[PDB]
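Q: Position one of the sequence shown corresponds to residue 88 (PDB author numbering), numbered consecutively onward.
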Amino acid sequence: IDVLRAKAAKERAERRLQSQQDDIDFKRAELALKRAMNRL
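#1: Rounded to the nearest angstrom, what separates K121 and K94 at their Cα positions?
#2: Let's see if you can read the secondary structure: which residues bound the alpha helix (DSSP H) around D89?
#3: Work out the CA separation of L91 and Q105 for me, nearest whole Å.
#4: When you compare only the Cα positions, how much space is there between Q107 and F113?
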């Protein structure tokens with residue numbers, strides 16, 4: 088069933104390529120650590 092298993096590798100490789108799309112959600116992850124900018 089390699090033909091069906093390989094299908095999982097395609098979905099992953101695609102997600103990784105979507106870096107520019109996963110840049111916004113990643114920003115918030117950092118903002119939570121440093122919110123000093125807001126206090127000022």
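Ideal Cβ placement from N, Cα and C applies to all residues, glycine included.
A: Per the coordinate set shown:
#1: Put simply, the backbone Cα of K121 is about 39 Å away from that of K94.
#2: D89 to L104 is the span of the alpha helix (DSSP H), which, as asked, contains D89.
#3: Inter-residue distance for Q105 and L91 is about 23 Å (C-alpha atoms, whole angstroms).
#4: Taken atom to atom, the span from the alpha-carbon of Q107 to that of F113 is near 10 Å.
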